[PDB]
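In structure tokens, the next block holds one chain alone, the form deposited in one PDB entry.
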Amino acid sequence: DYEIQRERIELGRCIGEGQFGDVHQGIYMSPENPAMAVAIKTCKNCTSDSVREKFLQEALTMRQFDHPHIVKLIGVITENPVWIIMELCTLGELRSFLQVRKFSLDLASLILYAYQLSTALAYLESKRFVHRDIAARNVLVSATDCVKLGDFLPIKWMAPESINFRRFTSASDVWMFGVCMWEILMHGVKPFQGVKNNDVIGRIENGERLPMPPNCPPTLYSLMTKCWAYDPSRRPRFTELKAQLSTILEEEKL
């Protein structure tokens, strides 16, 4: 059972914008458990059941999952105003965190974030779940050494087959994670900046790729470029990525 009652949720400051409406922080006063910081996803346009089905469906998707690097669903209030209650990652969105802390972060913290995301995506691939939107913008920071995937067309992240044929598989999630890994190494800079979405598939199809970020280890960039094989069958799986990222990370810390 996931129904929380409005009275155990204490609405706080707005912390950002979500796909459906403003996200707030708050406090969930469980009768059983010590009060906890929460993020409260709110919905505007939730009046029409049509969008409600889309808003509440993310909750039902996320209650499937239990992983230390996937934001945890705490519960839902399904009477209007409809809220989704999630755990709070207190250090905010990853893109902002990377931009604001650009000169206080060391390379191996960046590789660690990429490693932890690979453990969430290997977990997802083990459930045969395809996420479809792996990007730094869908990651939150729970601690300076702990990141969590959230958010259950972004042309500049998408695999060729996704743009061309709307095909979304474990291999196209691998493509996007490659882009995300690049974003982290670029301290939150978006891929293909100053390029129109319209010219993305054409340059991708002609073999253009994101360059190697400054100070990105050459072996880590080789990992990104394997994620960007045009042929989806030539791309690694997330267990391979996770293993290699552990090696690049252990070495980086020495």
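Heads up, when I say rigid core I mean the largest set of C-alphas that superpose within 1.5 Å between the two forms. Start at 1 and count along the sequence shown; that's the residue number.
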- Item | Residues of the deposited sequence left unbuilt between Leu153 and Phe152 | 10 or more
- Quick one: higher average CA temperature factor, 225-233 or 22-30? 22-30
- Read off the CA B-factors in the entry, average them over 74-82 and over 177-185, and name the higher stretch. 74-82
- Message: Maximum C-alpha temperature factor per the entry, among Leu140, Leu105, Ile134, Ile111, belongs to which one?
- Response: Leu105
- Given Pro191, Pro211, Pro68, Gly194, the residue at which the Cα B factor reaches its maximum: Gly194
- Task: Determine, from the deposited record, the chain-internal third of the Cα B-factor for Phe129: lowest, middle or highest.
- Result: lowest
- Comparing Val51 with the other modelled residues of its chain, is its CA B-factor in the lowest, middle or highest third? highest
- Task: Using the B-factor values recorded in the entry, state whether the Cα atom of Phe165 falls in the lowest, middle or highest third among the modelled residues of its chain.
- Result: highest
- Item | Entry-reported Cα temperature factor of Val38, expressed as the chain third it lands in | lowest
- Task: Report the third (lowest, middle or highest) to which the CA temperature factor of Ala243 belongs, ranking only the modelled residues of the same chain.
- Result: middle
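This next part talks about the form deposited in another entry, which is not shown.
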- Query: Given a rigid core superposition of the two forms, which one of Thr78, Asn164, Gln99, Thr90 has its CA shift by 2 angstroms or more between the shown form and the other one?
  - Reply: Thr78
- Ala35: CA shift of at least 2 Å between the shown form and the other one after core fit? yes
- Message: Would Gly18 count as moving between the shown form and the other one, using a Cα shift of 2 angstroms or more after superposing the core as the test?
- Response: yes
- Item | Cα displacement of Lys54 between the shown form and the other one reaching 2 Å, rigid core superposed | yes
